[PDB]
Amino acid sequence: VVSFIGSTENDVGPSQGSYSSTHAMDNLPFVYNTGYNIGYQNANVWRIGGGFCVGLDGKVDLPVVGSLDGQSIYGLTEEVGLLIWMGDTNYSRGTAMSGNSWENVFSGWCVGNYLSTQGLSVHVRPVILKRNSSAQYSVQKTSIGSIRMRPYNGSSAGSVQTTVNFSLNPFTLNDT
């Protein structure tokens, strides 16, 4: 079966992270490719065992202000939005998020007759929407959304906690 073993509120990105870019923000919107640097990752959010089957759904609560290659650009301020990925523990397995409804972000797996864990990951990349004369862009603490576990194939959470939340740590972007 399954148990919750992670934290309910989770911060994405390092407190007061500084993200600079040498590319020219020539055409907007401009994506800051900060890789997986602005993220949260935890291999052990639920413990599971004995044929248990679980995937992950994700939801972004930020307003959609556009899209980039079919993925929603979620707005933070008039100047800065975000591309968002949520999914299984590995950052590389992140699912690009669109819209504001619950979306399947990890197809899932079944644990055999052993005990193991289900984890998750969230990462984002800043997007320059509107220019700033200072060439510096600031964002304060902000709620992003949530991820929940999805028991399937008979399995069920029961009264176990299903959902965790994510907050963006404030950061500053330097247009270098």
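From 1 onward, residues are counted along the sequence shown.
Averaged over their C-alpha atoms, the temperature factors of 24 to 32 and 124 to 132 are higher for 24 to 32. For the pair 106 to 114 and 39 to 47, the record assigns the higher mean C-alpha temperature factor to 106 to 114. When the CA B factors of the chain's modelled residues are split into thirds, the value for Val160 lands in the highest one. In this PDB entry, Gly154 carries a Cα temperature factor that places it within the highest third of its chain's modelled residues. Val139 sits in the middle third of its chain by CA B factor, as recorded in the PDB entry.
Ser18: CA B factor lies in the highest third for its chain, per the PDB record.
Among the modelled residues of its chain, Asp61 has a C-alpha B-factor that falls in the lowest third, as given in the PDB entry.
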